[PDB]
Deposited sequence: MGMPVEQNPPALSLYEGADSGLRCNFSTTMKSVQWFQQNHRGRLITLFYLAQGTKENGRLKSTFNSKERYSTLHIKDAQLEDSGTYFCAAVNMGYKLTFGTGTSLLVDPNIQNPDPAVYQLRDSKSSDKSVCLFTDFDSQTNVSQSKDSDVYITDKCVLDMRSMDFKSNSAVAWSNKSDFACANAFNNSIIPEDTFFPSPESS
């Protein structure tokens, strides 16, 4: 394809660095890098006609002759999660998009203590919470539902934690046999 992005997906830990790559099939006039967060907004990170640019913890390089562009992230923060798009302008002056690199930033869990808790409804359906597991844990799995994990940041305590939820209407469902 005219604009190729590598890797398709990336997992990294908070505080780590990573370099994203973008390769072109033809001579490009310029490159534009974007971050698309969970809110769906396309945020311009860089516009380059040549050379290198810095933007906070990000750095980008464009080399028209060698047909590539890179995007570097230093000291990854949870806010860096999202899809990173590379788009380049051809000699026909049209902006062509890559299919994006999906980046997920994981916390470094200080004291892992995987635990399953039962929560009841505030009103008069049962809910199970799986929490405090390390970021290497993958949450798997008809009348039962299990979500993917998410990281929350209790900034008031400088504390981060992972969690997933399971629920069911079925009578035979218990939190002991949920995750």
statement: Gaps relative to the deposited sequence fall at 1-2, 127-128, 146-148, 187-203
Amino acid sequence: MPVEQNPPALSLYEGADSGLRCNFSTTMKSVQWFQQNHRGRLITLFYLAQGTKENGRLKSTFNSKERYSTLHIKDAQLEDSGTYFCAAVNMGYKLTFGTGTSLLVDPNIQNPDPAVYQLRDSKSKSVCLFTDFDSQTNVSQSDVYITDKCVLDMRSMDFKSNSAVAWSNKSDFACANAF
From here on, numbers count along this sequence of modelled residues.
query: Mean C-alpha B-factor higher for 8-16, or for 165-173?
result: 165-173
- prompt: Should the higher mean CA B-factor in the entry be assigned to 85-93 or to 100-108?
  reply: 85-93
message: If I read the C-alpha B-factors straight from the PDB entry, which of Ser140, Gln35, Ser135, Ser69 is highest?
response: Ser140
- request: Could you check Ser64, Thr131, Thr147, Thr44 and tell me which one carries the biggest Cα B-factor in the deposited entry?
  value: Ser64
query: Once the chain's modelled residues are ordered by C-alpha B factor and cut into thirds, is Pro114 in the lowest, middle or highest one?
result: lowest
message: Considering every modelled residue of the chain and its Cα B-factor in the PDB entry, is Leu152 in the lowest, middle or highest third?
response: lowest
